[PDB]
Amino acid sequence: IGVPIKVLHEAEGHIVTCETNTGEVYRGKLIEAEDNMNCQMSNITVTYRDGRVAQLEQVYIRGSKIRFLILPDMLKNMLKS
Amino acid sequence: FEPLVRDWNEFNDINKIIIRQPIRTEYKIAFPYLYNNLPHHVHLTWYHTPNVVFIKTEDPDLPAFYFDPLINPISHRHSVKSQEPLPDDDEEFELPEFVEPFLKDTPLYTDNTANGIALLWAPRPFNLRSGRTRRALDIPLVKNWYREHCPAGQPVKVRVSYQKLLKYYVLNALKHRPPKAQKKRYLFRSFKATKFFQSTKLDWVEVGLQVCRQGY
Amino acid sequence: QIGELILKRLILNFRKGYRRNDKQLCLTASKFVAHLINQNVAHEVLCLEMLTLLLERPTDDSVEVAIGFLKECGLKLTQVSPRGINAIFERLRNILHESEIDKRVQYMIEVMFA
Amino acid sequence: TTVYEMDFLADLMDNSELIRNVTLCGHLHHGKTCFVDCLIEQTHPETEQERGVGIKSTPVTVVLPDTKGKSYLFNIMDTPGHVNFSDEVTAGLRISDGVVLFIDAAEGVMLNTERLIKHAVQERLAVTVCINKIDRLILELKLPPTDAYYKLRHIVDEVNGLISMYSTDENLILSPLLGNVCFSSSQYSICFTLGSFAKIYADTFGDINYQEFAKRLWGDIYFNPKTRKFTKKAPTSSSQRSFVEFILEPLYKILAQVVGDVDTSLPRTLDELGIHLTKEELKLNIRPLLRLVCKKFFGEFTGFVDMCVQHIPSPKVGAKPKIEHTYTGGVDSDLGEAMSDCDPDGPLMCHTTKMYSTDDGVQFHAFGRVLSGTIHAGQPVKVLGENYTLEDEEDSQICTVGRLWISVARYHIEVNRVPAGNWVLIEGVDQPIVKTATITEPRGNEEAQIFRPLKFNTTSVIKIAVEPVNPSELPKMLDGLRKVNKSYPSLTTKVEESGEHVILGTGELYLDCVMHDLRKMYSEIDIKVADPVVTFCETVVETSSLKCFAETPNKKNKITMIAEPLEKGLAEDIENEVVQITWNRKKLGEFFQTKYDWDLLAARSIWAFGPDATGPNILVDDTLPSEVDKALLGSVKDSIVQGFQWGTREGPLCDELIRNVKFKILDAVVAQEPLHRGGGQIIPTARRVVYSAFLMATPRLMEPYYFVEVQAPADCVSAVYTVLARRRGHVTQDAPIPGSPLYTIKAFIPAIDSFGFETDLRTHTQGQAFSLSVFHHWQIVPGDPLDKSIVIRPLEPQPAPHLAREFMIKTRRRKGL
Amino acid sequence: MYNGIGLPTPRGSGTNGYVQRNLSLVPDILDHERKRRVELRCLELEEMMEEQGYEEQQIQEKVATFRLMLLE
Amino acid sequence: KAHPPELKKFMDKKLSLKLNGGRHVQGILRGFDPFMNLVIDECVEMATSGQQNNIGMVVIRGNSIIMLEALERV
Ligand SMILES: Nc1nc2c(ncn2[C@@H]2O[C@H](COP(=O)(O)OP(=O)(O)OP(=O)(O)O)[C@@H](O)[C@H]2O)c(=O)[nH]1
Ligand SMILES: [Mg+2]
């Protein structure tokens, strides 16, 4: 199991930002993060490629189709590696 | 021991007590503060250390782990006991034919485990595996003997001896001073380093006779 | 030979009472067989077979039959071959703590342990 | 005489959905403090000790990773387990949300364990179990692995039966499949749930699904190798259950290899597990070696944190089913819901339950939970004391905050701010408060209530008089007493009108520690102390065959009332809050008639309950033709009940409480216009009616009893028998312990004769036996309290016919005159 | 058990300080209760009448007779 | 490993599915496997025109699943 993955699981319960492979940007609370990067989130704000926003209560995004995630800086303080 | 240092009160008004059981010194030492006026320089002792239940075996024949007649039969009984959140089969489940009981090539016991467990609750030197070596005078062989509680029918002679050995023991423990200081002259290394002392190996008895002749 | 014929007859009576669900006859024949095992005329393997056939599918009746047998022949089996005592206790604990047994078999097991 | 990590701690506090508040409870010596110690060393590689018994609790809050790595903040209230100190447990039980009950594998359930499951279910907490001290089945008791299974199953089923006994709703049955129980060995670094063990199985071996696996291990599932498919009963192989073959037998072999064959087979077996160990670390002795191997294989602590996280309320979910009980209104308009939000915002309603004195000075640190809002340094706040009702605000002293601390066992890490949902040690709120406090916002007032002060499971019944040696220092001693009344939850101190200071406590060891702190720390005066005696009660045995009726000073109102005895069931219901008259008379009536064939007219007649809200006596009103004088009786009921409760409290015989009695009004000649003459001078009239009936036609005395549970070897049973005979015992039960070489004895003993019974027992048997004691019930003392033909030889012990006589003559001599 | 018997130190006392235990040691009550008897005589009559009718007149009739016929 | 997606929470709920190709459908989750292939019942194609057409019960390959959004509360 990968070092970044452990740090992701650490962000469960925190507000995170996710960009997909298609560039839609989802911000909200990370409920569950699976080993393969599958992500369950809640109370989302989504910002599309045209700039428009929307609001969603509940989402789940497949790990493969995630480009990246932004996590809190609360985590930064795994320095062993 | 000799006493440490050397009118009217109301609580001992003999009309105002109820005496059902006489207070006695063993209570007065179990609970120093509740049962005692002026408790000073008193150490508060209490212990209910979980009674250890180790069953000495008779022979090396029977297996190590073995229900002993001495143990009380479980025979746990209750109502129609219960039923589980038991995920019944006939749906599916299967173990990939790699995994196994974590180590089944190993037997439960050997001709060394019953012994090895008996060694686990044994007096201080023997429950070990390794330590430093002590001097020969530093090893009291008989202390564990006089530290015992009810000699139960020995002449008053030996009971008084028991109590006086306990007294000496306690005074030792009580008056213990840390080393607090150190200068470490080495008499014999200082001697050997001079041009006047030589060294050898002798029979004990020989240097015994030498020391006595030289004393004379 | 005479006591042997008596043993064969008590074996017939015990297997009859048991196989035909006759509580009284099975109980009496088990009484004679336990008295034999204590008088040292009936072997330990046959008493083992009796206790095992009674505790094969223990109900109130068959477990209680084993319990009555044991209340008298628990000394012979446990002093000649404690293996019988250990097997009896373990099998009792399993069949009376892991199957749908009631206060009847519960208290029979309790009497056994007593 | 944690730089980049405390910030992380703060953000965890701020999440309020990554924290869990749990109380670590159980019986005596069953593993709590060692659990906590090995745990803080897992996180930090960075009186009591001589006692070997913990007396007062300690809180720890630490950050633990689970079986997925997500860190949590854990609030762990390590309690003492001596049945005499149950007070401390109650404290934790309020300010926490779940309970981890530690049970011993070798003993099972005993006194304090069952009593704590009772106290935990009646306060509606979460209940988890750790069956600890499992090596005592392998190394010590030497049990075939299947009988280890049998014993574990037995313990779980019995705790299940009891938790069902005290709680109606079959919402939860405990079994490790649900994630309710860890298996542990605090000192040998092993704690595991079926979840954690199956995940270990998966991670080291192939990719098997650990969840579905864990669903299959405990509880009579067998497994056939060929099919590789677990089954209910159908091996005739005479094989073991899934549990044995897959979890126990491997654990037996681990231990047996470590302690038996450390020299030969251990390197091989260690290879087969994946642990590598240095030459230097295989030169350890067997206990350190065993623990090191078990730590290296079993990982740190995942079983516990997993079980708890999975079944903790998480104060955010948390609060709502709690403020039913804690809060005096619960949820009405403003604060019930506000707290239920658990938002770090606004209201700032906190509950402070402890005060840990600083070694140096007199001051304390109040310790409490912040339900709503967020506390900061210097924050001006207003306390709400225990007597404060909304229309008596003098009780609220107004103050501020000096420092803020957060706790590991004995390390104080000072912070600036704390949000709702945590515990905190607040400096500055010491001087205003006593046992309980409710903190609210200073100068920002909306309006505030208090949570009902702590309720305790046991009644404090032992009595000790205190005086200084020279009265010159009576004030200093008084300082001292205040302080200890501060630090001990159920220590009740009162200065009795005969001029003394009586201290009222739980047991002999309790009072010993009280006086230890009294003489050691809080005041250095030399103090005399009387011998222990107990507090009594008054009751009757038959009805007042004739009545004395009291009439006003200004002879206006005539009050006729008699007395008679209740039955025990309904009086205990009065105590249990089962017949709470907070109902309407309708519910009262159905209750009474339905259950004990009480009269519906008896129900219409029942007015109130006496000594206080909870008083085992009853006041009844039965005179129909004057009954319709509701103009006058409906007027006078207030003074009537006041005089009733006064009379019940202040005692007729020896100034002590009465119980188990029913009084009846049979003629109320009320003054027409019962103005202020009546209203003022009728309360003593009422209580003299009470005394009149009571003393008139059957005084009797009542004294408490103690429940004693004695562990003992098989032989020394007779020994304890004899002891209990000397002290008026009545041993009830004596029973094997299943799977142990010990017998358990359960017996009663008059709390009078309970003094030194423990040490007497242990001395006579060379420490082998050991008893704990609890108050259980009162009872009739066999004497006639009121007989002048009974004279008392003033120092030898009385025989039974006169115990009550003596008992009064002594106590009044010091109090009643 | 040094139970408040003996010497602090048997030291300069001329004795060994050995202690032992002394082996040779051994009238409205009836009228108020009639109104109580009368009490349920109105309610329980009006109740048993309520069981067969709560018209408050048929029960007042059964209660009025039970009050007059009993007091007679 | 060979893990399941954690979707039991979403079982028998109405969902909005964003697929690759800018494709979007809506339907009730009836099941799944470790590859995140889905069974969706009462499925409706939301054509880029805005028009919606009922396609019934269908299989969506997890490969081409970008994102799902619940139209219910879980
Ligand atoms: N054999 C064995 N003993 C253990 C184990 N874990 C803890 N102990 C016991 O733990 C004791 C240490 O104090 P604790 O019993 O933990 O303290 P406690 O349980 O809170 O009891 P109190 O402090 O009086 O409430 C030692 O006496 C050991 O007997 C264990 O895993 N195996
Ligand atoms: Mg402790």
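FYI, it's all coordinate maths here, none of it is from the lab. Here the Cβ is made from the backbone with ideal geometry for all residues, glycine too, and neighbour counts use every protein chain on show.
Details
- Local charge for B:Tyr47 was computed over the other residues whose Cβ lies under 13 Å away, with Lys and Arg +1 and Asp and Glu -1, and equals -1.
- Positive-pole candidate from D:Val381, D:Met110, D:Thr90, dipole of the protein assembly as shown, charges at beta carbon: D:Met110
- Summing charges over all other residues whose Cβ lies under 15 Å from the Cβ of D:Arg728, with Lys and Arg as +1 and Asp and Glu as -1, gives -1.
- Karplus-based coupling profile of segment D:525-537, in residue order and whole Hz: 6, 8, 10, 8, 9, 7, 7, x, 9, 10, 8, 10, 9, with θ = phi - 60° in 6.51 cos²θ - 1.76 cosθ + 1.60 and x standing for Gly or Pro.
- Shape class of chain D from the Cα gyration tensor (axes a ≥ b ≥ c, square roots of the eigenvalues): prolate, since a/c reaches 1.5 or more and a/b is larger than b/c.
- CD proxy at 222 nm, helix term only [per DSSP H run n ≥ 4: -39500 (n - 2.57); per residue of chain C; nearest 500]: -27500 deg cm²/dmol
- The separation of segment D:155-209 from segment E:1-59, counted between C-alpha centres, amounts to 48 Å.
- Here the peptides D:762-774, D:667-679, B:168-180 are ranked by packing, the mean other Cβ count within 10 Å, and the order with the highest first is D:762-774, D:667-679, B:168-180.
- Residue pairs, from the table D:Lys630/D:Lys664; D:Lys595/E:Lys62; A:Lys29/D:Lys70, whose Cα atoms sit over 26 Å apart: D:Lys595/E:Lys62
- Of all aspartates and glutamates in the structure, the ones whose alpha carbon falls short of 12 Å from that of D:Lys142, not counting any fewer than 8 places away in one chain, are B:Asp68.
- Average other protein chain Cβ within 10 Å of Cβ, residues E:7-18: 1
- If only the Cβ of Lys and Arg carry +1 and only the Cβ of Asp and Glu carry -1, the dipole of chain D around its Cα centre is close to 1560 debye.
- Among the listed pairs D:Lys587/D:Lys662; B:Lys28/D:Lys463; D:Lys556/D:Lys637; B:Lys28/D:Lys810; D:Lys199/D:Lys295; C:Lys23/C:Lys71, those beyond 22 Å (Cα-Cα): B:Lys28/D:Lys810
- In sequence order, calculated HN-Hα J values of segment B:143-152 (Karplus, 6.51, -1.76, 1.60; Hz; x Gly/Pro): 4, 4, 7, 7, 7, 9, 9, 9, x, 6
- Among the trypsin sites (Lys or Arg not before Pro) found in segment F:19-74, those both in a DSSP coil and sparsely packed, with 15 or fewer other Cβ atoms within 10 Å of their Cβ, are F:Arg61, F:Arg73.
- Within the straight-line cut-off of under 16 Å between alpha carbons, the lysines reachable from C:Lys16 are C:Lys8, C:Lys31, sequence neighbours fewer than 8 places apart in one chain being disregarded.
- Exposure proxy shown here: for D:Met339, A:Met37, D:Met6, C:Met108, the number of other Cβ atoms within 10 Å sets the order, fewest to most, as D:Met6, A:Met37, C:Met108, D:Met339.
- Pairs from the list D:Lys486/D:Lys586; D:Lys528/D:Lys746; D:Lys568/D:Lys746; D:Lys354/D:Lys520 with a Cα-Cα gap above 31 Å: D:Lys486/D:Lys586; D:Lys528/D:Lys746.
- Total charge dipole magnitude, segment F:8-70, about the Cα centre, Cβ charges on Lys, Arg, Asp, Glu only, Debye to nearest 20: 180
- Neighbour-count order for D:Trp405, B:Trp121, B:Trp204, fewest beta carbons within 10 angstrom listed first: B:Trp204, B:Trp121, D:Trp405
- Working note: 222 nm ellipticity from helices only, DSSP H runs with n ≥ 4, each -39,500 (n - 2.57), summed and divided by the residues of chain A, gives -2500 deg cm²/dmol to the nearest 500.
- The residue list A:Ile15, A:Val59, A:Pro72 was ranked by how far each Cα lies along the charge dipole of chain A toward its positive end, using unit charges on Cβ atoms, and A:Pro72 comes out on top.
- Placing unit charges on the Cβ atoms only, positive for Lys and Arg and negative for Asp and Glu, gives chain A a dipole magnitude near 200 debye about its Cα centre.
- Counting neighbouring beta carbons within 10 Å and listing from fewest to most, the residues C:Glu4, D:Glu590 come out as C:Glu4, D:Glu590.
- For segment C:39-70 and segment F:1-46, distance of Cα centres in Å: 61
- Partners for D:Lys788 among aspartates and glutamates (Cα-Cα distance below 16 Å; same-chain residues under 8 apart left out): D:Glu806
- A viscosity of 0.890 mPa s and a temperature of 25 °C, combined with the Kirkwood radius over Cα pairs in Stokes-Einstein, give a translational diffusion coefficient for chain A of 189 µm²/s.
- Helical contribution to [θ] at 222 nm, DSSP H n ≥ 4, -39,500 (n - 2.57), averaged over chain B, rounded to 500: -7000 deg cm²/dmol
- For the protein assembly as shown, the share of DSSP beta bridges that are antiparallel, to the nearest 5, is 85%.
- D:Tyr721 paired with C:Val80, simple spin-label distance in nm, labels 7 Å along Cα-to-beta-carbon: 3.4
- A simple rule links phi to the HN-Hα coupling: the Karplus curve 6.51 cos²θ - 1.76 cosθ + 1.60 with θ = phi - 60°, which for segment C:17-23 gives x, 5, 5, 9, 6, 9, 4 Hz, with x for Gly and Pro.
- Residue-count net charge about E:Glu51 - beta-carbon cut-off 13 Å; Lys, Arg +1, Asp, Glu -1: -4
- The protein assembly as shown pair-distance distribution - Cα-Cα, 10 Å bins, rounded %: 1, 6, 12, 16, 17, 16, 14, 10, 5, 2, 1, 0, 0, 0
- Most positive-pole-ward Cα, E:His32, E:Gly17, E:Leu68, against dipole of chain E from beta carbon charges: E:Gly17
- Restricting the GluC sites (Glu not before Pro) of segment C:11-106 to loop positions (DSSP other than H, G, I, E, B) with no more than 14 neighbouring Cβ atoms within 10 Å leaves C:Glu56, C:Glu100.
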